[PDB]
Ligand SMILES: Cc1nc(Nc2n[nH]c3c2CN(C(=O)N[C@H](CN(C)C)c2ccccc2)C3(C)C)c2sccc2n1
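In structure tokens, one chain follows: the form solved without the ligand.
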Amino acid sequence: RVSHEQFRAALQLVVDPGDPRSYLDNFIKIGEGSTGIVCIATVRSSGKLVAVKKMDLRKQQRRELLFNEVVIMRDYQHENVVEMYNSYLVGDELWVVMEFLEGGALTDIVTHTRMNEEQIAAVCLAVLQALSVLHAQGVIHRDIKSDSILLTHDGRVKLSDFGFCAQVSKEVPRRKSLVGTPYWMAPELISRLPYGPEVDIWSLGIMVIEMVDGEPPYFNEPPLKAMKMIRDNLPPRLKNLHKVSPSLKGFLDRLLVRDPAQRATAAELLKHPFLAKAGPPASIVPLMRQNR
């Protein structure tokens, strides 16, 4: 009641004024995430399509993390990050009008076909380019997984869903919060150790297993049990090691390192020989549902 009204008023001071229903038509829902729904809408004057993320203030586990949408939009735009155009308070929801990634999410490719290493290397290179730039400015995404990687029709790869992100800096060197999606969570984060950008590197390792095997490890375990497993066990293994080149295997072994001090950084991984395999964005295009 009171808490909600108080929060609506806070958000209003940071978002753009007005209501984008005034310039948008034909909202059609295309998906849900952890923090709300995503629709496409048609820009009336142009006929172009944009995405609108709608997040109900009353349905957030940590309502203050909604500010992440504003911090990212304001400050950390980049070629491999979804362009955020404007944000608004529309009744009890935060709406973010953003770039529409019409190629959809990497999850729908990983669940339905088998990527080759040209393709996997293209995805990993693009993701690592985003992370290198984010991590150098102290931003940790904290929810790297195939659902957070979106594609353009011509196969360019962009990071999305920064709702769970946080900042580190000299004054706050490490984060402590239990955040992310259980199967992708880094072991030190499940163990409740102070952690840093290294956690996105482990999560990317898990997404590589998604790209190879179709699923993260322990995916048939309840989320609580899977976390315990990640906390306690040696790094997870591919379901079939013969299906990866020695190069991809060497690459994965620099990501899935339990000790975060020994895990490779995004900076280091950009130089890794596996990425020499990356094809151009055209290599990704045939993987998309409209093409398979």
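Counting begins at 1, following the sequence as shown. Rigid core here is just the name for the largest C-alpha set that superposes within 1.5 Å across the two forms.
J.: Looking at the deposited entry, does 258-266 or 223-231 carry the larger mean Cα B-factor?
T.: Higher mean C-alpha B-factor in the PDB entry: 223-231.
J.: Would you tell me which stretch averages the higher CA B-factor in the PDB entry, 39-47 or 236-244?
T.: In the deposited entry, the stretch with the higher C-alpha B-factor mean is 236-244.
J.: In this PDB entry, which of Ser148, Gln137, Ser203, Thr181 has the top CA B-factor?
T.: Reading the PDB entry, the winner on C-alpha B-factor is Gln137.
J.: Going by the entry, which of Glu102, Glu93, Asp75, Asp143 has the most elevated CA B factor?
T.: In the PDB entry, the greatest C-alpha B-factor among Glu102, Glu93, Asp75, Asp143 is found at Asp75.
J.: How does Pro194 rank on Cα B-factor within its chain, lowest, middle or highest third?
T.: For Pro194, the deposited C-alpha B-factor lands in the middle third.
J.: Using the B-factor values recorded in the entry, state whether the Cα atom of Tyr218 falls in the lowest, middle or highest third among the modelled residues of its chain.
T.: For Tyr218, whose C-alpha B-factor we compare with every modelled residue in the chain, the answer is the highest third.
J.: Grab the CA temperature factor for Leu13 from the record and place it in the lowest, middle or highest third of its chain.
T.: As the PDB entry reports it, the C-alpha B-factor of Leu13 lands in the middle third of its chain.
J.: If you rank the chain by CA B-factor, which third does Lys170 end up in: lowest, middle or highest?
T.: CA B-factor rank for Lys170: highest third.
J.: Quick check for you: using the entry's CA B-factors within this chain, is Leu24 in the lowest, middle or highest third?
T.: CA B-factor rank for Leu24: lowest third.
Same protein, other form: the form deposited with the ligand bound, not shown, and the subject of what follows.
J.: How about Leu238 - does it come within 4.5 Å of the ligand in the bound PDB entry, if we only consider non-hydrogen atoms?
T.: Result no; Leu238 lies far from the ligand in the bound PDB entry.
J.: Taking the shortest heavy atom distance, is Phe100 within 4.5 Å of the ligand in the bound PDB entry?
T.: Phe100: contacts the ligand in the bound PDB entry.
J.: Please check if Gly33 has a heavy atom lying within 4.5 Å of any heavy atom of the ligand in the bound PDB entry.
T.: Contact with the ligand, yes.
J.: Taking heavy atoms and a 4.5 Å cut-off, does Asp200 contact the ligand in the bound PDB entry?
T.: Output for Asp200 is no: heavy atoms all beyond 4.5 Å of the ligand.
J.: Residues in which of 168-176, 114-122, 215-223, 146-154 have heavy atoms within 4.5 Å of the ligand in the bound PDB entry?
T.: Contact criterion met by 146-154 only.
J.: Which one, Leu256, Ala51, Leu248, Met227, lies within 4.5 Å of the ligand in the bound PDB entry by heavy atoms?
T.: Of the listed residues, the single hit is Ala51.
J.: Among the candidate residues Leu252, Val38, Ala41, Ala266, which is the single one with a non-hydrogen atom no more than 4.5 Å from the ligand in the bound PDB entry?
T.: Only one option qualifies, and that one is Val38.
J.: Go through 151-169 residue by residue and record those having a heavy atom within 4.5 Å of the ligand in the bound PDB entry; state none if no residue qualifies.
T.: If the 4.5 Å heavy-atom criterion is applied to the ligand in the bound PDB entry, 151-169 yields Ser160, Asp161.
J.: Quick check for you: superpose on the rigid core, then look between the shown form and the other one for a C-alpha move of 2 Å or more. Which of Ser247, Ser34, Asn233, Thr265 is it?
T.: With the rigid core superposed, the residue that stands out is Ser34.
J.: Following rigid core alignment, is the displacement of the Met73 C-alpha between the shown form and the other one equal to or greater than 2 angstroms?
T.: Yes, the C-alpha moves 2 Å or more.
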